[PDB]
Amino acid sequence: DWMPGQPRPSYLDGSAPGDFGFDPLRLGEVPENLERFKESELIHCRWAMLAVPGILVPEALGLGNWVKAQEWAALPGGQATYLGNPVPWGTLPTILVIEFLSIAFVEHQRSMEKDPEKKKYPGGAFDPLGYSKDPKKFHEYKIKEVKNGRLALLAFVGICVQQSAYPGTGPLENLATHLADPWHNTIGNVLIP
Amino acid sequence: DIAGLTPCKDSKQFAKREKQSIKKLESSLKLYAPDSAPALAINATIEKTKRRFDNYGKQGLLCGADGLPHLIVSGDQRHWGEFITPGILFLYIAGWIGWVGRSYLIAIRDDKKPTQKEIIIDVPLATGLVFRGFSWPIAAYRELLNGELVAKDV
Amino acid sequence: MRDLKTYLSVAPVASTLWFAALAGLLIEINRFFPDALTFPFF
Amino acid sequence: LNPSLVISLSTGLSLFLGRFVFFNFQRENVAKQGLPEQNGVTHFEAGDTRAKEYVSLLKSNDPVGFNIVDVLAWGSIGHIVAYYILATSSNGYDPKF
Amino acid sequence: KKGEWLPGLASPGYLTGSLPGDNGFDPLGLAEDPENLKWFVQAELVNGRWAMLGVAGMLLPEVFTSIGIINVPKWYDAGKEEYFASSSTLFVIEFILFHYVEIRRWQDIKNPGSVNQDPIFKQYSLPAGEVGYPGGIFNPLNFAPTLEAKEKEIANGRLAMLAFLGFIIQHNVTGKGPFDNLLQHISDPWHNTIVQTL
């Protein structure tokens, strides 16, 4: 239960992966919407579980924050630099057309297939090691995935809001500012400027 | 300052209005004797004019190019006394009036002739209800949560 | 007597007494605190 | 920088997407959408002599049904995207970071 | 005969007398609805308890300062002082902690007995008490929550709430603190009254 004392909604039984009973606005009132949301949540969860590592790992190295690592395209003659080496296709029109064709194709494959559990948990070629072998550990990993994903989503909100509270900063740079003085460099100073 | 305005304590037109107003009253004063009653009346109006202009300039009122106090109702905390604070005071009084009148209409709606107590006021009932508006934001808020403020299906 | 008090509770008489008391109060308020475009007590 | 290069690449990719990628979604959506109808019946059946769709021009020996109109639609996409790319490259516009 | 706030006036019907501190006092009829009465009972308890701690923390450090034992800032000047943390950080700590505690108490107000157990440690739960009077770890000395005892809690809370209402309004018009006001009054009460202060 996400809030002990509150009665659970009628349609949230507790069987679905991540079913802690959270729907105050009753957005999943319709099973069509609820099933579509169950797919869309995992998509956001998985994009965030790929984003957060890619957002904070280059910062630990010599590369700047994720906001400045997407800056060459602002100026005319931009040149991308993966690992400090100027890649030849660094121009914005090149990457823009490349990302459009590839991302649109792959993400549209998800639209053309409605099961609608293939839209959630496809597997097959996407499960070579076969962690879906046991329908109990596979559902346990479903719980592990949705909680890891919600954790990464909350972290992505933190990164973006911190980026707003400190324009042109890094998440780990904000962490170091908090480590310098946790009692004088807290959100209270941006909550109470 | 805000919106290009200058505070009335700094505006020259504001001080020129105070001068010309006082000098106009003094021009009316020379016609009468120093011990006269019109003289004490005009002198009191002059002192009342000085008090008014000084109070406006002291409480941070902003003046335009015309030397007249302009009010800023955007919510800027430097001028809450110009709208938000008197507005909250009004909403307290208005809610008081409406809540007391509503309590009266509810109390007489079950009378044999409810129209009788609407054209002939039941002053005892009124005097007992006039002080319920003192806590009107509370009694109203509770009636909002308990479904007592709005008639069901109308 | 009771009929006289019932007459004093009629709508116009109650309105006059109520509005007269209200008019006198606002007059004395603007007499001890004349002008005032703002709420100065902050 | 070359108009033929941008126009051929843009139109070629547009026709490629519309034939092999965005084809089944477009056809199933235009099937569930249907023909526009007045008073619960098509414009032609109601009595509009000029509202009969030209199935002869829609005839195509293509295995999937790509006809002239599909070429015209996705080709117009390619040329508009091409001239957008060309016009955005020649203006020399640059914001300020 | 449960105690009459006004010896002449009768007690309202909805105020039975089963509540501690009941004296038949509700002229405006704010607790006519039993649900409003149930909510306002908790509001009186929490407001009275905070007022009791507040009045103590405002008066007792100041009298000990004016006597000479300690030198503690006054209750209105204690905020401007410098502390080990930024006042903004102190605010966020207090907000988060109360945003957890007050909502846990609120779940008991709506649904009684629904938050008696620790969610971290499954054991170590609270025994069943009444709303506003949580047992278990909240009563370590194991006193008896009864009448008089609860009536004295409400009575001290009412006087402390009036005491807080006095402290804030006094400090506004008199400039100094509560104990300084009492000393100024004790020196010459007939010439150091609210009549003289205004």
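List of remarks:
The letters A, B, C, D and E name the chains in turn, as written, and every chain counts its residues from 1.
Operating definition for what follows: a residue touches a chain if its C-beta (ideal position, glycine included) is under 8 Å from a C-beta of that chain, and two chains touch if they have at least 3 such contacts.
These are the chains along with the protein names UniProt gives them: B = Photosystem I reaction center subunit III; C = Photosystem I reaction center subunit IX; E = Chlorophyll a-b binding protein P4, chloroplastic.
Comparing chain pairs A-D and B-C by the number of C-beta pairs in contact, the larger count belongs to B-C. With centres taken as mean Cα positions, subunit E sits 39 Å from subunit C.
Chain geometry summary: the mean Cα position of subunit B and that of subunit D are 66 Å apart. Distance from the subunit C centre to the subunit D centre is 77 Å, each centre being the mean of its Cα atoms. Centroid to centroid, with C-alpha atoms defining each point, subunit D and subunit E lie 73 Å apart.
Within subunit C, contacts with two or more other chains are made by no residue at all.
Taken chain by chain, the contacts run in an open path, each chain touching the next and the two ends left apart. Of all possible chain pairs, those that touch are A-D, A-E, B-C, B-E.
Taken together, the subunit B residues at the contact with subunit C in this complex read 48, 51-52, 55-56, 59, 61, 69, 71, 79-82, 85-86, 89, 119-123.
Within the complex formed with subunit D, the residues of subunit A that make contact are 71, 74-76, 93, 97, 101, 104-105, 108, 111-112. By the touch criterion given at the top, residues 13, 17, 21-22, 24-25, 85, 89, 92, 94-95, 97 of subunit D touch subunit A in their complex.
Those residues of subunit C that touch subunit B in the shared complex are 6, 9-11, 14, 34-42. Residues 3-6, 182-184, 186-189, 191-192 of subunit A are the ones that touch subunit E when the two sit in their complex.
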